Amino acid sequence: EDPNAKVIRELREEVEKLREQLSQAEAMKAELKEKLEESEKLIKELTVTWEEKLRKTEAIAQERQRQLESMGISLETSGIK
Amino acid sequence: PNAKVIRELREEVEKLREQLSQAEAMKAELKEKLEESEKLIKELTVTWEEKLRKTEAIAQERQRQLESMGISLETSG
């Protein structure tokens, strides 16, 4: 129990080290879950932002088409194609 | 003997190592999902920008058509 207590002690150090590393891991897991939440959130937001942008620009395109068409219509109501 | 308190200590070590291995695995998985998320934000930005570039190009083409008809209308009555 002198090179045998010396093994026991080492194993106690070992168990402690493992406890601390487990604590660390679980911490890191939580940190990552949170960062991930944040980036998924930002993805949803950016998507909404982009959708709205596209919809505006499409609205303008459509308006312009519509005017070109106004002209075409009042043009061939005069029989001209 | 009485020095078979050792056995139960390394039994404890084995339990802990396995708990740690699974945690580190879950952490690795989260790290990966996070990286995927960031890569994805970059991609979205690229594809949306491109979609918009195409849409704006069409809007503008149509604008030039209307300006061309404006010119054609002034060069009449």
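Relevant structure appears above.
Note on numbering: residues are counted from 1 along each chain in the order of its written sequence, which can differ from the entry, and residues with no coordinates are hidden. Going through the entries in the order they are written, you letter the chains from A and number the ligands from 1. Water and hydrogen atoms were dropped before computing side-chain values, which therefore reflect all heavy atoms in the structure. Residues with missing side-chain atoms are left out of burial classes, side-chain pairs and their counts.

Trainee: Explain the packing of helix α1 (residues 5–76) of chain A against helix α1 (residues 6–74) of chain B to me, please; I cannot follow it from the model alone.
Mentor: Any two packed helices are characterised by how steeply their axes cross, that is the angle between the axes, and by the distance between the axes. Put simply, α1 of chain A and α1 of chain B touch, their axes get as near as 7 Å, and they point 15 degrees apart. The pairing of α1 of chain A with α1 of chain B is recorded here as roughly parallel in orientation. Both α1 of chain A and α1 of chain B take part in a crossing whose hand is left-handed. In the contact of α1 of chain A with α1 of chain B, the residues fall into 35 nonpolar, 14 polar and 23 charged. To get an axis, a line is fitted to the C-alpha atoms, and for a helix only the part in contact is used. The angle between two axes follows their N-to-C directions and goes from 0 to 180 degrees. Here a helix means four or more residues in a row that DSSP labels H or I, a strand means two or more in a row labelled E, and each is numbered from the N terminus. Here the word oblique covers every angle except those under 35 degrees (roughly parallel), over 145 (roughly antiparallel) and from 65 to 115 (roughly perpendicular). Left-handed describes a crossing whose near helix is turned anticlockwise from the far helix by less than a right angle; the clockwise case is right-handed. Only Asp, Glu, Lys and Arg are considered charged in this grouping, and only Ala, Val, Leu, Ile, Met, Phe, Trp, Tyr, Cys and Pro are considered nonpolar; every other residue, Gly among them, is considered polar.

Trainee: Even after reading the chapter, I still don't get the nonpolar core, so can you show me in this structure?
Mentor: Among soluble globular proteins, nonpolar side chains are generally buried collectively. The biggest cluster of nonpolar side chains holds 12 residues, and these are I8, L11, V15, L18, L22 and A25 of chain A together with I6, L9, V13, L16, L20 and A23 of chain B. Among the elements of the structure, α1 of chain A together with α1 of chain B are those that each provide at least two residues to this core. Two residues form a contact once any of their heavy atoms are found within 4.5 Å. With residues up to four places along the chain from it excluded, the contact list for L20 of chain B reads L18, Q21, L22 and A25 of chain A. Nonpolar cores were defined as sets of buried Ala, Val, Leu, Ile, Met, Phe, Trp, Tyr and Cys residues, with membership established by side-chain atoms within 4.5 Å. Only protein chains enter the accessibility calculation, which uses a 1.4 Å probe. A residue is then buried if its area is under 20% of the maximum for its type, exposed if over 50%, and partly exposed in between.

Trainee: What is the right way to look at the interface of chain A and chain B in this model?
Mentor: Contact residues are listed per partner, giving 38 residues for chain A and 37 residues for chain B. Overall, the association of chain A and chain B removes approximately 3500 Å² of surface from exposure, summing both partners, and the carbon and sulfur fraction of that is 81%. Buried area adds together the accessible area that both of two parts lose upon being put together, with accessible area traced by a 1.4 Å probe. Taken as a group, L18, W50 and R64 of chain A account for 18% of the area that chain A buries against chain B, more than any other trio of residues on that side. Here, a salt bridge means any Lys or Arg side-chain nitrogen found within 4 Å of an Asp or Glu carboxyl oxygen. Remark: the boundary between chain A and chain B carries two salt bridges. Salt-bridge contacts for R19 of chain A lead to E12 of chain B; the nearest nitrogen and oxygen are separated by 3.3 Å.

Trainee: Please clarify how the side chain of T57 of chain A should be interpreted in this entry.
Mentor: The topology assignment puts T57 of chain A in helix α1. If we ignore the near neighbours within four places in the chain, the residues touching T57 of chain A are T55 and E56 of chain B.

Trainee: How should the side chain of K29 of chain A be read in this particular structure?
Mentor: Turning to its location among the elements, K29 of chain A is positioned in helix α1. With residues near it in sequence (within four places) discarded, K29 of chain A still touches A23, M26, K27 and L30 of chain B.

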